[PDB]
Number of protein chains: 2
Amino acid sequence: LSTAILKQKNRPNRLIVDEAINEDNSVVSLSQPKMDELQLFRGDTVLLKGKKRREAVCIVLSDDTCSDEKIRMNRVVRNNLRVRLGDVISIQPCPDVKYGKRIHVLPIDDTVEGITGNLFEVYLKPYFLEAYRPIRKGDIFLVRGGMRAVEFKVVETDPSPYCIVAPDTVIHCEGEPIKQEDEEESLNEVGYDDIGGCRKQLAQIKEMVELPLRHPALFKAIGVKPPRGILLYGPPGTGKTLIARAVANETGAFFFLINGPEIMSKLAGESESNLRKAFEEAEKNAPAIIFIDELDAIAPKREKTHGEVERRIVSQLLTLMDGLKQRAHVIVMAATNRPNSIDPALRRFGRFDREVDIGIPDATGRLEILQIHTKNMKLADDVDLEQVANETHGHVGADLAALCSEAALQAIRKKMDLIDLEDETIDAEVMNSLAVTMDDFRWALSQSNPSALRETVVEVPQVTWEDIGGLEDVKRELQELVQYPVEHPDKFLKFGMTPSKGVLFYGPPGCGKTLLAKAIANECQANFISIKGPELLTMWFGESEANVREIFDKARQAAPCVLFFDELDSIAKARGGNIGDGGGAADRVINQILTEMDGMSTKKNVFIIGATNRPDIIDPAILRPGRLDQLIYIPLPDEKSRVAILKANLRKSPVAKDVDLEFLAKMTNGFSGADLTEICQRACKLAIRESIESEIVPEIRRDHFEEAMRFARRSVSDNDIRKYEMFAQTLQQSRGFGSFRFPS
Amino acid sequence: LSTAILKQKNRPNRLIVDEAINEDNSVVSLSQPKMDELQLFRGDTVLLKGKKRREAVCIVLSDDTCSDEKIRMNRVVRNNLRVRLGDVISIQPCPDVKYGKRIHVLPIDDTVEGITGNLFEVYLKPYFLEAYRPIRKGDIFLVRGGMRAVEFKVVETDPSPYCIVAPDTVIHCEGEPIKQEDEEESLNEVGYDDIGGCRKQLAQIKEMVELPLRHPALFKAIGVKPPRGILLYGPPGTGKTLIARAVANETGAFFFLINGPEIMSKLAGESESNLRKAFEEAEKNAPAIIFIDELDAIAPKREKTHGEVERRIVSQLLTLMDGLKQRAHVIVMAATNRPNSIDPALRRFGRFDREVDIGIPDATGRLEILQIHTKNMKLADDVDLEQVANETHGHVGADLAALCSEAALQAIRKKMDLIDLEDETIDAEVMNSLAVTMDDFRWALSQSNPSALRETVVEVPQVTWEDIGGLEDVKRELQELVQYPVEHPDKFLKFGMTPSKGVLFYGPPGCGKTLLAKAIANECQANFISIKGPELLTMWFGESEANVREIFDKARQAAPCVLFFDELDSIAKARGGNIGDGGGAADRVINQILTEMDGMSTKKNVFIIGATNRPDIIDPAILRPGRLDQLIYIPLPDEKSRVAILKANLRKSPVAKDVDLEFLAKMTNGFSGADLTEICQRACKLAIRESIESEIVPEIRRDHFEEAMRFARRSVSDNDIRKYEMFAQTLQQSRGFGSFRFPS
Ligand SMILES: Nc1ncnc2c1ncn2[C@@H]1O[C@H](COP(=O)(O)OP(=O)(O)O)[C@@H](O)[C@H]1O
Ligand SMILES: Nc1ncnc2c1ncn2[C@@H]1O[C@H](COP(=O)(O)OP(=O)(O)O)[C@@H](O)[C@H]1O
Ligand SMILES: Nc1ncnc2c1ncn2[C@@H]1O[C@H](COP(=O)(O)OP(=O)(O)O)[C@@H](O)[C@H]1O
Ligand SMILES: Nc1ncnc2c1ncn2[C@@H]1O[C@H](COP(=O)(O)OP(=O)(O)O)[C@@H](O)[C@H]1O
């Protein structure tokens, strides 16, 4: 149902794909099962497609040289007639045609060097033997007995139909050899295949340019204003340029890149003309798309504003932004590293009204990126990218590419360094045999410095309700406040009641106040932003409470999202607590939190969860009806609950069936959730210690649990429970109102 | 009486307006009831008007093709012969005339492309069949069997009278094709129809330019100086440019737009001439109006003042501001985003003395804006804009336009995306059938980020005296201090007494101290500015008490207005309270509040209301006679009052008649106003929970009230009442003076 519409696979028209061992283009293997199961007939020029309708046509029935069944092709498939994996191939033979005239020839480098003379008898005639070299009208074929570097691309479409080529014609050398950027631009045309971790961003960007470009006559009949400015965000290395180029090449529009420092490096007044001519050039080449690589490098008019040359550039950019009154179908796009480093004049309407934030990829997103830079080379059988994505959390789209490059380089000076043959022409049987293993990646991760550690991680937690031992009572509570308003908004407006905006978790430390916040976000399939105690203390020690604004601004744009404040009372303990200073309980950070919470629109799906260990020092100003109406108390696990905590924490450890967990939970009375986790950690440590000592077995037995028992820790005593008990009844006060029965 | 003078409706000369299904201009339907009830006679050219005297004249009696009764017209009415809804149409036939010569022809694009030859036999002669194409002297007619894009506008008025045109004449191609701005400028001519939420601003702006422009000889005989500079305010997106253009086009004066960055993007010294020539150009084109789009971008001489080029521009603007000694009837207008970002030299007299503040539209104002951008497209029957205006409070005039654009786009990729027919000529039977529903708006609101959240909301509260349960004693008190001085100023000056400047509300929290402040503003039909506790704490933590000045400056300009300070003692609790620090009760924020309150003119209708929960920590310096003379105590509701609180909070919830509210209020003794509201909220939550559980009924029954009773909360105990009781008698002290009788 969900993925039923995406069914395009399990088609009989498929073929096997392997590595290459042969470098001869004139000798092509023959496949037996394909000629029997399928309907592929005989023919010189076959009309096949699959990737931008660009494949290679070769003559077959030249087998019985190397091997049977398995087919062998050249190693040019890495770049030619193939962009990446996952692309389908459609082959449909078109036999019984007549013989055409010929196709032209495009010299590359082999014609300039060397005497021409006649160009036929030199190396063209003595190369035809039962092979007419079928050439299409834009295909790329590579055949040469040696240096092997030749391309082919035509631009003049003389013949309309398809026929069979023939040798012994008249050719010339009046072609235009294409350079490498014309080949790379084809590879940049990416819809989703070579973009990882940016599914949502593409779904929002492509919809803004699909309609106004491919259907210009759509908005001309309906009173809708298409967007003019699209601003992209993300830390440097995310891939803001790659996405912009891929969308432009996919839509097929005139793309004019405007680099940041390229304009700013010009003379006095010349940069005033480079910007001016760029837009008028795109006007005549309509439809067109315009992208600015570095926008903060052109107009950083926030605090800097120095000099009479750069302000003039900013004013020119502003004038050329609101002055595009329709005219042509051109969309201006730009990229920057930080929302703060932008001219506020560009944030208005008509210049850059649509903002697209491209965040750091999550564990699932980073997995897809690894498959993009590792498709041109093969890997060992014991190489999995699933653990690599999990082990790299602070990496961006370029950090993974650098990691792959370093992993590939490690294998070079570990297997090839022993050859000790300094030759300018190294044998090709070594590079192809180079296989990158897990050991290369282990060193590469250890030597790679991530560039996305300070950024707030905004992902979807992988923890679910099964990882929370027991505590079944509050699971229904959380599902009844954040899921109901998002599934049935009509019911809340029917009664006139407004849904709650937040819930506060109070109780003894180490009981699950964070697992509850993460599991509900996992179930709701929403983002999760965690604010730690040290994060709050940093903004209080530095006298910078204005940083709370970005916390809420990042959250409301990334809707739906939940916002979690761990140990919200961390500042109250720092300034005292039960005694405290000469003031009450009201600081700058919580004041700003309240100010931003009051101003939040209740319609948007942004839920706030607060956690605390000392409810006695919580400011009562946060519990007024409207900010945190619901208070949930998490008690210590009972006999019923501690059993599930062990069954959840031991899923990753091979614990034998001999161990009795029910008896284990019985004696552990004054133990919280965190108390039971360290017991398992110390027990698992003993197994590792015993294994290492016995090296000079794979399962943990019962004795390790008994030995780790001597170091039991009870972080929650009976004294601190008493205040929670007396505080719960203080907030409850339901005496006398228990028996409230209406007379009639 | 109030709206009796505005009666222009219920005229028999009306017609039905519907959608379009036909695209043929030569075939026009015929209306039977209009030819019977009205006096519309037969004629080729009919003298009709209704919107700038611009309509279309067509020949009728070509019906009996599609349908009867209902008439069908072309889809050009969206832009031609119509600007917006609410405009009246007057049709008066003028029959029995003679045949005129002809009207000229204006080519647009169909004459340049293609051979002309004779231009008559090609496509002009074989298109006349019982239709002479009646053409007026400035009408716009569109008829073409195909691409359908042609305009018509004459500028040469050769014939004075009106006659009947005839074909078979001599024409030429020496006309000037008009471009799109000449068509858009007509649509910009808006009095009130296409401006929403700016009734008061237009009433103040149009009166400043109506007299000096339309009646130049008025101020020449009376010793009155007309204004020269009008400054407009508002956050970006409010519509400062649209209002300025609409007034200029309505008054019919030479309008010369001067953009901000347009001047600042010029070379060294060129911008000195662009400004200079603009005023002398307007001098000869008198009367004229001059508008500056970005004034802060030209003269931000407040702190920046860097460079010898921009200061010269500021000095030139200043010189060309006070140097307009009458000369011609030109008025210079400008717009900016913030009062702080302006050169104080422009605030003097003779340059910009009149300041017009254009605020964010209220709920009523935003409703009118939605009807402006949704008039060119039809909506579904279940589409109401009343709830959209209420649900969007932080939106500006452009945020609503963007919201409408996004709502229109959502319907495109939800109903049309299933066609899967990528054709350059999409069928016209799909776009017209596209109906935007509530579901599109629900997603559009959730995905739209408002740009007016940080701005202080200054509106008129919708709450009235009926929403305040009981508390009849103080309702008369508030009506006797803020309404008497504004209705009978003579009575106060007769006795020499000066009216009070403010009233302080003290009592237990959650009793109605805010509803009382809002209801009196609602009854007085005045603005309401609310200052929350966190707002006061922000200016105390940041050591920035100078922000209190804008609070009073925004208030006195927006007269009449009331100013409300919620929990005025919020800073006293933050620095201690009953014990406090080593000082008394005097901080920077309250000191600045007193300084600004003393300096306020008592003549202007600006009333200040203070609210507090801890009167024991209130600075006595604010209760001196002259700042807050009157102190009103709000006690807990008694048996008489709690009944009305329930009857007011349950008006939005379908509560059955089974529930006994009188018995409900009887047992609830120590419950305040806020205590009873959460009971209703939790009870309404149970109905939603039960409905959702029973999905896998519409009325709330009595059992939910009984079940929610177990979670009763008494935020106000008996201990805190005692201090209020002992404080009221402390401030009263009326012992011995109860029996004061004059002897004789
Ligand atoms: N989402 C991604 N998918 C694939 N490659 C990526 C991605 N993000 C970054 N990269 C890699 O990073 C390199 C540089 O990215 P770049 O376009 O420079 O981003 P930016 O310019 O915003 O820093 C690209 O060549 C690409 O290989
Ligand atoms: N019900 C539970 N299920 C699983 N782990 C728990 C549970 N309660 C506590 N823990 C352990 O406590 C650790 C931290 O949990 P957390 O809720 O953050 O404690 P606290 O709420 O005191 O911060 C987790 O790593 C988890 O193993
Ligand atoms: N009061 C209003 N009525 C109608 N449209 C408005 C209003 N305010 C803003 N807009 C919309 O905003 C757009 C123009 O914004 P504008 O007023 O130019 O911004 P600024 O005021 O900063 O120049 C118009 O398309 C208009 O529809
Ligand atoms: N007399 C009353 N009528 C209606 N609602 C009341 C009344 N008293 C208190 N409330 C409820 O209390 C809430 C806030 O009242 P408010 O006056 O702000 O309390 P406080 O004065 O303590 O701030 C409102 O939601 C309102 O419904």
Below 15 angstrom from the Cβ of B:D110, what's the summed charge of the other residues (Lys, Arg +1; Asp, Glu -1)? -1
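For the range A:136-251, what relative contact order do you get, as a whole percent, if you take Cα pairs closer than 8 Å and at least 6 residues apart? Before the final figure, lay out the partial values.
On the way: 57 pairs, mean separation 30.8, N = 116.
It rounds to 27 percent for the range A:136-251.
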Say the dipole of the range A:1-123 comes from +1 at the beta carbon of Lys and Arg and -1 at that of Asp and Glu; which of A:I21, A:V105, A:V46 then lies farthest toward its positive end? A:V46
With a 10 Å Cβ neighbour count serving as the proxy for reagent exposure, in which order, fewest first, do A:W443, A:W540 appear? A:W443, A:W540
In units of 2.2 N^0.38 Å, what is the alpha-carbon radius of gyration of the range B:473-627? 1.06
Expressed as a whole number, the average count of other chain Cβ atoms within 10 Å around the Cβ atoms of B:406-417 is 3
Between copies, how close do the A:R442 label points come, placed 7 Å along Cα→Cβ, listed in nm from shortest? 5.4
Based only on other Cβ atoms within 10 Å, what is the fewest-to-most ordering of A:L563, B:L257? B:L257, A:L563
With +1 on the Cβ of every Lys and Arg and -1 on the Cβ of every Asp and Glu, the dipole magnitude of the range A:1-160 about its Cα centre, in debye rounded to the nearest 20, is 900 debye
Calculate the length of the line joining the C-alpha centroid of the range B:416-456 to that of the range B:244-296, in whole Å. 38 Å
at A:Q483 the sorted inter-copy label distances (label 7 Å from Cα on Cβ side), in nanometres, are 5.2
Past 18 Å, Cα to Cα: identify those pairs from B:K475/B:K518; B:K9/B:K200; B:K225/B:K277; B:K49/B:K137; A:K532/A:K573, in the order given. B:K9/B:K200; B:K225/B:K277
Farthest positive-ward along chain A dipole, Cα basis, beta-carbon charges - from A:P161, A:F219, A:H488: A:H488
Using θ = phi - 60° and the Karplus curve 6.51 cos²θ - 1.76 cosθ + 1.60, what whole-Hz ³J(HN,Hα) does each residue of the range B:408-422 get, with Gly and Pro shown as x? 5, 5, 4, 5, 5, 8, 10, 10, 8, 4, 7, 5, 6, 10, 6
Separation of alpha-carbon centers, the range A:151-194 and the range B:599-615, rounded to whole Å: 81 Å
Given Cβ charges of +1 for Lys and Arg and -1 for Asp and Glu, the option among B:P620, B:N249, B:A408 whose Cα lies farthest towards the positive end of the dipole of chain B is B:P620
Averaged across the residues of A:611-621, what count of C-beta atoms belonging to other chains lies within 10 Å of each residue's C-beta? 1
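Tell me the mean residue ellipticity at 222 nm calculated for chain A from its helices only (DSSP H runs of n ≥ 4, each -39500 (n - 2.57), averaged over every residue, nearest 500).
Details: 26 runs with 258 residues, N = 744.
Value at 222 nm, helices only, nearest 500: -10000 deg cm²/dmol.
Across peptide B:259-268, how many C-beta atoms of other chains are within 10 Å of each residue C-beta, on average?
Values: counts 5, 5, 12, 6, 2, 7, 13, 5, 3, 4.
So the per-residue partner count for this stretch is 6.
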Between chain B and chain A, with a rotation axis joining them, whose C-beta in B is nearest that axis, and what is the whole-Å distance? B:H306, 7
How would you order B:395-404, A:701-710 from highest to lowest mean count of nearby Cβ atoms within 10 Å? B:395-404, A:701-710
Note the distances from B:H215 to each other copy's matching label point, with points 7 Å along the Cα-to-beta-carbon direction, in nm, sorted shortest first. 5.5
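When ranked by the protection proxy of mean other Cβ atoms within 10 Å per residue, highest first, what sequence do the peptides B:123-130, A:102-109, B:370-377 form? Walk me through the intermediate numbers first.
Values: B:123-130: 10.8, A:102-109: 16.5, B:370-377: 18.6.
Most protected by this proxy first, the peptides run B:370-377, A:102-109, B:123-130.
Hey, got the dipole for chain A? About the Cα centre, +1 on K and R Cβ, -1 on D and E Cβ, debye to the nearest 20?
On the way: 99 positive and 115 negative charges, 682 e Å.
It comes to approximately 3280 debye.
Sort B:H488, A:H329 so that the residue with the fewest other Cβ atoms within 10 Å of its own Cβ comes first and the one with the most comes last. Don't skip to the answer; put the middle values down first.
On the way: B:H488 11, A:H329 18.
Neighbour counts put them in this order, fewest first: B:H488, A:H329.
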Tabulate in residue order the Karplus-calculated ³J(HN,Hα) for the range A:175-188, using 6.51 cos²θ - 1.76 cosθ + 1.60 with θ = phi - 60°, rounded to whole Hz; enter x for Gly and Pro. x, 10, x, 7, 9, 4, 5, 5, 8, 6, 4, 5, 5, 5
How long are the semi-axes of the ellipsoid equivalent to the range B:274-339, from square roots of 5 times the Cα gyration tensor eigenvalues, in whole Å, largest first? 23, 14, 9
Would you mind putting A:198-205, B:66-73 in packing order, based on average other-beta-carbon counts within 10 Å, highest first? A:198-205, B:66-73
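Summing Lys, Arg as +1 and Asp, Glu as -1, what charge do residues with Cβ under 10 Å from the Cβ of B:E183 carry, B:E183 excluded? Don't skip to the end; give the middle numbers.
Details: positive: B:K153, B:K179; negative: B:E151, B:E181, B:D182, B:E184, B:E185.
Neighbour charge sum, excluding B:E183 itself: -3.
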3J(HN,Hα) from dihedral phi, the range A:366-373, Karplus parametrisation 6.51/-1.76/1.60, rounded to Hz, x for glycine, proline: 5, 4, 5, 5, 4, 6, 8, 8
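Every residue, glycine among them, receives a Cβ derived from its backbone with ideal geometry; neighbour counts consider all protein chains shown. Read the figures in this text as sums done on the coordinates, not as results from a lab.
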